[PDB]
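A.B. asks: Take a look at this one; I'll ask things after.
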6 protein chains.
Amino acid sequence: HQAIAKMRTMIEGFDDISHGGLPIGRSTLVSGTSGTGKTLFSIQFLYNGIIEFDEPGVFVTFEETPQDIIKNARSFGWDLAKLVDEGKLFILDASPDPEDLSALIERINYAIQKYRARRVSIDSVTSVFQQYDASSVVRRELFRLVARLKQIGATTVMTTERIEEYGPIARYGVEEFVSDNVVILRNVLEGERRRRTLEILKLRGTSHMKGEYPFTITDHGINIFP
Amino acid sequence: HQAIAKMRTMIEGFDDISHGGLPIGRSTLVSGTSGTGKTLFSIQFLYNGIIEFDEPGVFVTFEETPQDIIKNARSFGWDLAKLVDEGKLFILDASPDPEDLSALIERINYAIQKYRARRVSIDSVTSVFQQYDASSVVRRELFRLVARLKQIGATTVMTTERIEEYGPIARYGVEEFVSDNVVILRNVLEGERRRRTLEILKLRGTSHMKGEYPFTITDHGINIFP
Amino acid sequence: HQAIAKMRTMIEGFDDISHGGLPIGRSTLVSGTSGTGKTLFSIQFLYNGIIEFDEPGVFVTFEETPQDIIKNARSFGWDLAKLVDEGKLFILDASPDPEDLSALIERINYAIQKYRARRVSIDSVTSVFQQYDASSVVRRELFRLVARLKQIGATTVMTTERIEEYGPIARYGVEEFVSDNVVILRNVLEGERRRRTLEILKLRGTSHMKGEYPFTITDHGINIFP
Amino acid sequence: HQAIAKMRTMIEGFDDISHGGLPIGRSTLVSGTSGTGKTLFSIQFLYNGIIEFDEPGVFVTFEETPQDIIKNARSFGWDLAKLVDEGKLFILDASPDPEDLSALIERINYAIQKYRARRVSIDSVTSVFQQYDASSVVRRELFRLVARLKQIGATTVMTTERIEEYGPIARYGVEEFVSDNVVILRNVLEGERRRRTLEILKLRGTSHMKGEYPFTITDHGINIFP
Amino acid sequence: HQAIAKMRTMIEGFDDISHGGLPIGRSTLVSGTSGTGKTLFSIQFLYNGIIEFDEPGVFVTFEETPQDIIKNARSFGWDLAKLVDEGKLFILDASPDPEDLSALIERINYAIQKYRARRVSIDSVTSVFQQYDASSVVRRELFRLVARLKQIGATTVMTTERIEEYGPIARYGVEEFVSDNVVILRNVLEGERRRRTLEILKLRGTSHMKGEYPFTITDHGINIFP
Amino acid sequence: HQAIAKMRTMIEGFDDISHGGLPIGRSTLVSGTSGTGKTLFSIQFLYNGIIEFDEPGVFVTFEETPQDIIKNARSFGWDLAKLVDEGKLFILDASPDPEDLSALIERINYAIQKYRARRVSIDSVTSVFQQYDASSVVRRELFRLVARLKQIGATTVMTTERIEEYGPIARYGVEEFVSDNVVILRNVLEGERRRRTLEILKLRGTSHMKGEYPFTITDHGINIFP
Ligand SMILES: Nc1ncnc2c1ncn2[C@@H]1O[C@H](COP(=O)(O)OP(=O)(O)OP(=O)(O)O)[C@@H](O)[C@H]1O
Ligand SMILES: Nc1ncnc2c1ncn2[C@@H]1O[C@H](COP(=O)(O)OP(=O)(O)OP(=O)(O)O)[C@@H](O)[C@H]1O
Ligand SMILES: Nc1ncnc2c1ncn2[C@@H]1O[C@H](COP(=O)(O)OP(=O)(O)OP(=O)(O)O)[C@@H](O)[C@H]1O
Ligand SMILES: Nc1ncnc2c1ncn2[C@@H]1O[C@H](COP(=O)(O)OP(=O)(O)OP(=O)(O)O)[C@@H](O)[C@H]1O
Ligand SMILES: Nc1ncnc2c1ncn2[C@@H]1O[C@H](COP(=O)(O)OP(=O)(O)OP(=O)(O)O)[C@@H](O)[C@H]1O
Ligand SMILES: Nc1ncnc2c1ncn2[C@@H]1O[C@H](COP(=O)(O)OP(=O)(O)OP(=O)(O)O)[C@@H](O)[C@H]1O
Ligand SMILES: [Mg+2]
Ligand SMILES: [Mg+2]
Ligand SMILES: [Mg+2]
Ligand SMILES: [Mg+2]
Ligand SMILES: [Mg+2]
Ligand SMILES: [Mg+2]
């Protein structure tokens with residue numbers, strides 16, 4: 001009878017195929033090749049949550065400056081600068097200076113406590129994982145991060161990159177099993193045309209729709225057809 | 001004339017294709033990609049045994065907290081919290097703290113002696129095996145664990161993860177031969193749709209039905225069509 | 001005119017496709033994936049020889065206890081316990097304790113001398129070969145073992161495991177050429193059904209039938225259609 | 001409403017499929033196998049910019065002498081020697097003598113300051129990256145270079161080589177995600193004929209046309225059909 | 001006008017597709033998977049030469065005892081024991097004892113001088129090459145052996161083993177280019193049937209027929225259809 | 001208007017598909033599997049140049065003795081011995097004795113100065129590159145050699161070997177980009193028949209015909225159909 005509570009991500013059509021959206025408190029992995037729409041997915045999730053439910057979020061990035069994210073959001077019509085100025089949204093800078101996972105998670109926890117945020121998105125933890133070559137270390141650190149996020153209680157959307165359209169759901173192959181949920185974004189080539197597909201392969205402890213559902217990126221956001 | 005005794009797992013339709021279910025006292029491997037239904041298979045096996053035959057079980061987990069397992073079971077309608085409180089079911093915690101195989105097998109044996117349990121399920125021994133990179137060490141440790149479980153006399157269902165839908169029956173390729181039985185769970189993609197299949201490739205010392213039999217995961221459990 | 005003498009293995013239909021069965025005194029390799037019927041093939045060879053020609057055999061195992069082999073044989077109706085008690089069959093234990101190739105071959109020779117056996121079967125020498133990673137060491141040890149078995153004069157059936165259904169005839173790719181004969185057991189999947197095939201690719205110094213011949217495992221043994 | 005400003009590259013038909021050309025200030029990756037037209041693409045970009053918008057450019061090369069580039073351009077009818085003499089175009093020599101990324105970026109910045117150039121093209125940074133085998137070092141150095149170029153404010157077109165026509169968008173697989181934009185040049189073989197295709201897979205923060213658009217290299221330049 | 005002199009191998013039909021047989025004095029490589037007919041090819045070459053042209057030969061073996069070769073030849077009807085006793089044929093033993101390339105080539109040269117032999121066959125030099133893992137060492141040693149054989153003046157048929165039916169013409173991929181000639185023996189599986197094919201891919205300095213020509217192994221020898 | 005000057009190679013039909021032949025002064029790579037016709041291509045290029053334009057050439061070889069090259073040429077009807085005796089052609093010996101790139105290039109330069117030769121062919125630089133395993137060292141040495149040859153001013157035809165018919169244009173994958181031009185020789189198998197194809201994938205700074213053009217090796221030379 002009782003089921004895991006879910007929070008609506010307000011993405012057009014995604015809540016229908018997820019049967020209520022992302023579970024509350026669980027860390028959701030999103031994997032896709034370059035140009036699939038991972039960062040846009042996380043940004044749209046955060047912005048829709050902020051606008052609709054008035055729930056502040058914290059966006060963590062490792063390979064983009066906050067100004068670039070603000071410009072990309074302004075391209076769609078999203079004014080993230082106003083949200084950041086008002087304190088309703090916070091963007092964490094962790095990129096290396098062009099000139100320790102404990103520190104990063106401590107900073108994320110401090111941001112959560114200060115801004116009272118209940119949504120978290122990560123641009124890429126693969127950049128952090130590139131420090132350690134061994135897959136055992138990758139699994140250990142990913143599990144530690146997911147456990148810390150579950151203890152904090154924020155709904156995470158960690159996005160990682162994958163090399164092949166069909167095959168491993170990560171660069172290492174271990175990130176598929178550690179994360180509570182995994183969502184696959186595919187950008188395949190068929191007949192000299194690229195068609196975008198969105199598929200959910202697992203949602204632990206709750207039902208979902210299975211298979212590839214096409215989604216088109218428009219000027220307003222991601223439009224998914226259930 | 002004489003055959004190996006079998007215990008019914010009470011999974012809908014699985015006993016028909018297994019010709020009596022899992023053999024008694026032998027360790028059964030279950031391999032499947034992410035989202036195939038391995039942990040659900042082991043949990044349903046334990047819970048059906050507990051409810052029907054009143055045989056206590058011990059569930060060993062390495063990547064999930066017991067609370068998460070309880071919530072996932074409650075999603076299906078299974079009240080594992082009551083069973084744990086009554087002492088009829090015990091869940092062993094071996095996950096690393098986010099802050100030696102001899103010890104683990106000793107603890108499992110102690111749990112078996114204390115709770116008088118005759119069924120054992122393992123969430124993932126691959127997490128333990130990730131410590132040792134060499135496949136020889138993996139084979140040695142897996143054989144030691146299987147031999148210890150056979151000496152104890154509990155019916156084990158060890159579940160391990162595999163990378164490719166078609167190919168090795170383990171991440172290493174050695175776990176197919178060491179384990180007494182192997183069961184393959186496949187989640188293939190065909191025509192933008194995912195169809196789940198269940199296949200048994202070997203049951204040493206007893207007959208079985210061979211080939212892919214589709215199984216659908218419903219709110220009550222795993223429904224397999226023989 | 002003169003040809004290599006052959007001994008009948010009494011397996012249903014195999015003697016027709018082998019043109020007289022295994023050659024006398026030569027070590028025959030049998031390679032197949034998990035669940036193909038390698039151990040059953042060797043056990044049926046030994047038991048049929050013992051029952052028909054009254055020739056004692058020695059079965060060497062590395063990953064199974066003798067009790068498990070006895071139970072598996074009793075499943076088919078073969079009472080190996082009586083044969084072991086009468087001294088007509090001997091099973092050698094070489095598995096590692098869960099708590100040097102010279103020693104193993106010396107023990108096999110001693111068993112041959114004591115029991116006057118003229119048939120030998122090996123469950124898996126791949127378990128021994130896993131100690132040495134280099135393929136040169138594998139080839140050297142395999143050649144030494146085959147030469148020792150030829151000097152002893154017993155008809156060996158060494159069974160090794162292979163990973164892919166189509167491809168190398170061993171985990172290393174060197175065991176195909178060192179062994180005097182090689183027999184391929186295949187368990188392929190086609191249209192969600194598994195069909196078993198038996199093929200002989202070489203029999204040095206004698207003719208044979210070439211190609212895949214289906215064989216079905218029944219409660220009495222292996223039934224092969226020539 | 002507001003979008004990222006774009007500068008026209010004046011390549012025939014490319015501005016139609018890019019929806020305004022390359023974004024201003026962002027580093028665009030161009031990946032293609034040998035003989036696809038990467039160096040010709042960068043040279044045509046620079047020369048068209050210089051002729052039309054009177055914007056000086058700086059071409060950085062690592063595997064070709066400036067004389068070879070001048071001869072190749074003269075083949076098409078482009079007189080780069082006059083532009084270099086007049087100071088409107090500068091070619092940077094970084095090739096190893098046949099007899100430190102900080103120095104290279106410092107020299108590029110000095111050239112930008114001296115010649116007041118607002119367009120930059122790179123023949124191959126893969127030659128520099130070949131010094132470091134690890135992909136983490138490649139990602140770090142590529143990100144540092146892209147960040148420095150963004151801080152300078154010049155519109156870069158970095159071209160890197162790829163091995164397979166279908167597969168990774170770089171020799172390492174990491175250069176697809178670090179770069180702000182990626183453009184794929186393909187030279188495929190079908191029916192004993194080679195057909196050239198141009199495809200853009202991502203343009204962060206702006207829309208584009210997706211899919212393979214054939215382009216033919218003529219004596220005047222690259223002719224692309226939108 | 002002038003061409004490289006050739007010696008007939010007297011194999012049924014092979015001289016037609018080779019346009020005169022193997023060139024005189026050049027070392028011919030023969031590569032094929034297990035069970036293709038490499039050792040039989042070399043033995044038939046030597047025996048046909050001895051019987052027809054009365055030219056003594058020297059057979060060098062590394063993985064078979066001379067007695068096994070004699071028995072295998074007697075299977076076809078070839079009495080190599082009489083030839084060895086009469087001194088018209090010599091078999092060199094180089095296999096490791098089950099209890100330095102300079103020495104081997106010195107022994108081969110001594111055998112050539114003593115028996116006045118003008119034909120040489122090698123069972124497998126891959127067994128020797130397995131000592132050195134690096135492909136550069138393999139190429140160097142193979143070139144040294146071929147140069148020594150050319151200086152001696154004997155017509156060599158070196159046979160090496162290959163793993164895949166389609167792909168490299170050697171286990172290393174370097175033996176295709178060093179050897180003066182290469183002949184490919186294929187044992188492919190198509191529709192559950194094995195069909196044997198013989199193909200010559202290069203004969204330096206002379207013409208040949210190209211493509212796969214089926215050959216069947218009969219009780220008298222190799223029967224090839226040109 | 002102005003284009004790169006070209007010299008006719010006088011190969012039947014190749015000048016039509018190359019639009020004037022090889023460029024003057026640039027080093028042309030020729031890659032093909034064993035038995036494709038690389039050495040024959042270089043020898044025919046040199047001999048046709050010598051006979052028609054009276055331009056002396058220098059042939060550099062690493063795996064063949066000059067006598068073998070002379071015999072192979074005499075097979076086609078080419079009397080290279082007379083040319084070598086007259087001093088119109090010089091063959092450089094660099095093969096290792098069966099009993100430093102600076103030295104080799106110095107010797108080639110000395111030969112060019114002594115014989116006033118304006119054409120150079122190389123049998124295989126891959127033999128030299130096998131000393132260094134790393135691909136960075138291979139690229140560096142290949143670039144140094146090509147730069148030295150460009151400074152000398154001789155028209156080079158460097159031939160290297162490739163493993164797969166379809167795939168990398170070299171054993172390492174780096175030789176495709178360093179060389180000024182690359183020509184692919186393919187010997188494919190289709191329907192048990194081998195058909196030879198010649199394709200040019202790039203000619204920097206000049207136009208060419210693209211695609212696979214069949215070429216047949218006859219007793220007089222290479223006959224290519226444009
Ligand atoms: N305003 C827009 N309208 C339409 N499509 C857009 C718009 N802005 C961006 N896109 C699309 O975004 C895609 C990729 O941008 P995005 O921000 O999603 O990167 P990404 O795939 O997450 O990147 P990475 O792989 O580097 O992490 C492009 O293919 C482009 O078509
Ligand atoms: N109540 C439910 N109704 C239907 N399907 C469910 C339900 N709960 C879970 N599932 C299914 O369970 C699948 C995976 O959950 P499960 O607990 O079996 O994980 P798993 O495959 O064992 O995980 P892992 O690979 O991480 O070990 C999902 O694809 C989802 O569809
Ligand atoms: N009594 C029986 N009747 C029918 N089939 C049986 C019987 N006993 C065993 N089998 C078959 O035996 C097969 C595998 O058992 P077997 O003893 O041959 O193992 P194996 O393939 O040699 O093992 P491994 O790969 O671990 O060495 C199973 O697929 C099962 O169908
Ligand atoms: N004048 C021309 N007319 C037509 N095609 C030309 C002309 N000049 C060059 N090309 C074409 O240029 C192609 C490759 O030259 P280019 O300068 O683009 O090299 P590239 O692909 O960038 O090189 P690399 O992979 O080494 O970096 C050739 O296939 C050739 O057909
Ligand atoms: N008398 C015979 N009649 C027919 N076929 C025979 C006869 N003797 C041997 N063969 C064939 O020889 C084949 C292999 O034997 P052979 O001596 O050619 O080995 P090989 O392929 O050279 O061995 P390896 O790969 O170990 O070097 C078998 O497939 C068998 O069919
Ligand atoms: N007189 C000839 N007539 C016809 N074909 C010939 C003649 N001489 C040689 N050949 C052909 O030459 C081909 C290979 O010889 P070639 O000298 O071209 O070697 P290659 O491919 O350059 O060698 P490698 O790969 O070892 O460098 C053979 O397939 C053969 O058919
Ligand atoms: Mg991103
Ligand atoms: Mg699990
Ligand atoms: Mg076995
Ligand atoms: Mg270039
Ligand atoms: Mg042999
Ligand atoms: Mg050559």
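Following the order of the structure tokens, first chain is A, next is B, and so on, with residues numbered from 1 inside each chain and ligands from 1 in the order they appear.
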Based on the backbone DSSP call, show me all residues of stretch 11-220 of chain A assigned alpha helix (DSSP H), as a PyMOL selection string.
C.D. replies: chain A and resi 14-18+38-53+66-76+80-86+101-115+126-129+135-152+175-178
A.B. asks: Limited to C-alpha atoms, could you put the picked residues into a file as a PDB file, in the first residue's frame?
C.D. replies:
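Dumped to selection_15.pdb:
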```
ATOM      1  CA  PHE A  14       8.352  13.607 -17.687  1.00  0.00           C
ATOM      2  CA  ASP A  15       6.077  13.294 -14.653  1.00  0.00           C
ATOM      3  CA  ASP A  16       3.744  11.071 -16.689  1.00  0.00           C
ATOM      4  CA  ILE A  17       6.472   8.589 -17.647  1.00  0.00           C
ATOM      5  CA  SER A  18       8.065   8.679 -14.183  1.00  0.00           C
ATOM      6  CA  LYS A  38      21.916  16.638 -19.170  1.00  0.00           C
ATOM      7  CA  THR A  39      22.853  20.089 -17.854  1.00  0.00           C
ATOM      8  CA  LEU A  40      19.696  21.537 -19.390  1.00  0.00           C
ATOM      9  CA  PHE A  41      17.704  18.785 -17.664  1.00  0.00           C
ATOM     10  CA  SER A  42      19.169  19.602 -14.248  1.00  0.00           C
ATOM     11  CA  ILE A  43      18.793  23.368 -14.735  1.00  0.00           C
ATOM     12  CA  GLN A  44      15.176  23.011 -15.868  1.00  0.00           C
ATOM     13  CA  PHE A  45      14.473  20.750 -12.889  1.00  0.00           C
ATOM     14  CA  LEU A  46      15.882  23.330 -10.464  1.00  0.00           C
ATOM     15  CA  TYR A  47      14.209  26.323 -12.120  1.00  0.00           C
ATOM     16  CA  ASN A  48      10.790  24.682 -12.430  1.00  0.00           C
ATOM     17  CA  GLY A  49      10.970  23.648  -8.784  1.00  0.00           C
ATOM     18  CA  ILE A  50      11.943  27.166  -7.720  1.00  0.00           C
ATOM     19  CA  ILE A  51       9.192  28.838  -9.749  1.00  0.00           C
ATOM     20  CA  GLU A  52       6.370  26.413  -8.936  1.00  0.00           C
ATOM     21  CA  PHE A  53       6.946  25.022  -5.440  1.00  0.00           C
ATOM     22  CA  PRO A  66      28.442  30.481 -13.072  1.00  0.00           C
ATOM     23  CA  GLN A  67      28.342  33.257 -15.683  1.00  0.00           C
ATOM     24  CA  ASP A  68      28.198  30.698 -18.499  1.00  0.00           C
ATOM     25  CA  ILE A  69      25.319  28.885 -16.784  1.00  0.00           C
ATOM     26  CA  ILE A  70      23.492  32.193 -16.316  1.00  0.00           C
ATOM     27  CA  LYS A  71      23.938  33.072 -20.000  1.00  0.00           C
ATOM     28  CA  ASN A  72      22.775  29.630 -21.135  1.00  0.00           C
ATOM     29  CA  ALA A  73      19.687  29.890 -18.926  1.00  0.00           C
ATOM     30  CA  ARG A  74      18.981  33.415 -20.197  1.00  0.00           C
ATOM     31  CA  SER A  75      19.062  31.924 -23.695  1.00  0.00           C
ATOM     32  CA  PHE A  76      15.942  29.902 -22.837  1.00  0.00           C
ATOM     33  CA  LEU A  80      18.816  32.819 -12.973  1.00  0.00           C
ATOM     34  CA  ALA A  81      20.669  36.042 -12.115  1.00  0.00           C
ATOM     35  CA  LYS A  82      17.606  37.429 -10.329  1.00  0.00           C
ATOM     36  CA  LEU A  83      17.138  34.169  -8.416  1.00  0.00           C
ATOM     37  CA  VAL A  84      20.795  34.138  -7.342  1.00  0.00           C
ATOM     38  CA  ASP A  85      20.622  37.788  -6.260  1.00  0.00           C
ATOM     39  CA  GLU A  86      17.439  37.173  -4.251  1.00  0.00           C
ATOM     40  CA  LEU A 101      35.591  14.999  -1.414  1.00  0.00           C
ATOM     41  CA  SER A 102      35.073  15.834   2.273  1.00  0.00           C
ATOM     42  CA  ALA A 103      35.477  19.562   1.601  1.00  0.00           C
ATOM     43  CA  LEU A 104      33.016  19.492  -1.309  1.00  0.00           C
ATOM     44  CA  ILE A 105      30.302  17.663   0.622  1.00  0.00           C
ATOM     45  CA  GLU A 106      30.874  19.913   3.645  1.00  0.00           C
ATOM     46  CA  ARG A 107      30.419  22.981   1.430  1.00  0.00           C
ATOM     47  CA  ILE A 108      27.260  21.516  -0.117  1.00  0.00           C
ATOM     48  CA  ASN A 109      25.867  20.796   3.356  1.00  0.00           C
ATOM     49  CA  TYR A 110      26.705  24.337   4.476  1.00  0.00           C
ATOM     50  CA  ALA A 111      24.942  25.752   1.411  1.00  0.00           C
ATOM     51  CA  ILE A 112      21.901  23.566   2.124  1.00  0.00           C
ATOM     52  CA  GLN A 113      21.780  24.777   5.730  1.00  0.00           C
ATOM     53  CA  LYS A 114      22.236  28.442   4.788  1.00  0.00           C
ATOM     54  CA  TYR A 115      19.766  28.598   1.886  1.00  0.00           C
ATOM     55  CA  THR A 126      32.958  12.480 -13.412  1.00  0.00           C
ATOM     56  CA  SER A 127      35.379  15.414 -13.363  1.00  0.00           C
ATOM     57  CA  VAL A 128      36.057  14.649  -9.697  1.00  0.00           C
ATOM     58  CA  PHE A 129      36.255  10.899 -10.344  1.00  0.00           C
ATOM     59  CA  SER A 135      36.894   1.669 -10.539  1.00  0.00           C
ATOM     60  CA  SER A 136      36.816   0.507  -6.910  1.00  0.00           C
ATOM     61  CA  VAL A 137      37.743   4.011  -5.741  1.00  0.00           C
ATOM     62  CA  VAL A 138      35.095   5.461  -8.066  1.00  0.00           C
ATOM     63  CA  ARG A 139      32.431   3.179  -6.592  1.00  0.00           C
ATOM     64  CA  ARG A 140      33.515   3.954  -3.026  1.00  0.00           C
ATOM     65  CA  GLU A 141      33.470   7.728  -3.523  1.00  0.00           C
ATOM     66  CA  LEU A 142      30.164   7.661  -5.412  1.00  0.00           C
ATOM     67  CA  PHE A 143      28.558   5.582  -2.655  1.00  0.00           C
ATOM     68  CA  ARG A 144      29.921   7.936   0.008  1.00  0.00           C
ATOM     69  CA  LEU A 145      28.530  10.965  -1.833  1.00  0.00           C
ATOM     70  CA  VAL A 146      25.118   9.347  -2.348  1.00  0.00           C
ATOM     71  CA  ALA A 147      24.936   8.291   1.312  1.00  0.00           C
ATOM     72  CA  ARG A 148      25.841  11.807   2.454  1.00  0.00           C
ATOM     73  CA  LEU A 149      23.181  13.294   0.175  1.00  0.00           C
ATOM     74  CA  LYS A 150      20.584  10.854   1.522  1.00  0.00           C
ATOM     75  CA  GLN A 151      21.527  11.799   5.089  1.00  0.00           C
ATOM     76  CA  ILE A 152      21.192  15.498   4.223  1.00  0.00           C
ATOM     77  CA  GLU A 175      27.886   4.265 -11.599  1.00  0.00           C
ATOM     78  CA  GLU A 176      24.793   2.428 -12.885  1.00  0.00           C
ATOM     79  CA  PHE A 177      24.468   0.260  -9.765  1.00  0.00           C
ATOM     80  CA  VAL A 178      25.559   2.578  -6.939  1.00  0.00           C
TER      81      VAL A 178
END
```
A.B. asks: Determine which residues of stretch 5-177 of chain A DSSP labels as strand (DSSP E or B) from the backbone of this structure, then write them out as a PyMOL selection string.
C.D. replies: chain A and resi 6-7+12+22-23+28-32+57-61+89-93+119-122+155-161
A.B. asks: Could you pull out the residues sitting within 6 Å of ligand 2, using only C-alpha atoms and all ligand atoms, and write them as a ChimeraX atom specification?
C.D. replies: /A:177,201-208 /B:33-40,75-76,217-219
A.B. asks: What's the separation between atom CA of residue C:88 and atom CA of residue C:56, in Å to one decimal place?
C.D. replies: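 Atom CA of residue C:88 sits 5.1 Å away from atom CA of residue C:56.
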A.B. asks: Using only C-alpha atoms, which protein or nucleic acid residues come within 10 Å of residue F:125? Drop anything in the same chain fewer than 4 positions from it, and give the result as a list in words.
C.D. replies: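 Residues near the query, excluding close chain neighbours: residues 60, 61, 62, 63, 129, 130, 142, 145, 158, 159, 160 and 161 of chain F.
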A.B. asks: Determine the nearest neighbour of ligand 12 from the options F:154, F:221, F:123, F:134, counting only C-alpha atoms and all ligand atoms.
C.D. replies: F:123
A.B. asks: Counting only C-alpha atoms, which of E:2, E:31, E:155, E:187 gets nearest to chain C?
C.D. replies: E:187
A.B. asks: Interatomic distance between atom 10 (N, counted along the ligand's line) of ligand 6 and atom CA of residue F:54?
C.D. replies: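 Result for atom 10 (N, counted along the ligand's line) of ligand 6 versus atom CA of residue F:54: 25.6 Å, one decimal.
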A.B. asks: Give me, please, the distance in Å between atom CA of residue D:200 and atom CA of residue D:183, quoted to one decimal.
C.D. replies: 4.6 Å
A.B. asks: Find the residue from F:179, F:131, F:65, F:216 that sits nearest to ligand 10; use only C-alpha atoms and all ligand atoms when measuring.
C.D. replies: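 Comparing F:179, F:131, F:65, F:216 against ligand 10, the winner is F:179.
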A.B. asks: Go through A:23, A:77, A:226, A:57 one by one, measure the shortest atom-to-atom distance of each to ligand 1 using only C-alpha atoms and all ligand atoms, and give the residue with the smallest value.
C.D. replies: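 Of A:23, A:77, A:226, A:57, the one nearest ligand 1 is A:77, counting only C-alpha atoms and all ligand atoms.
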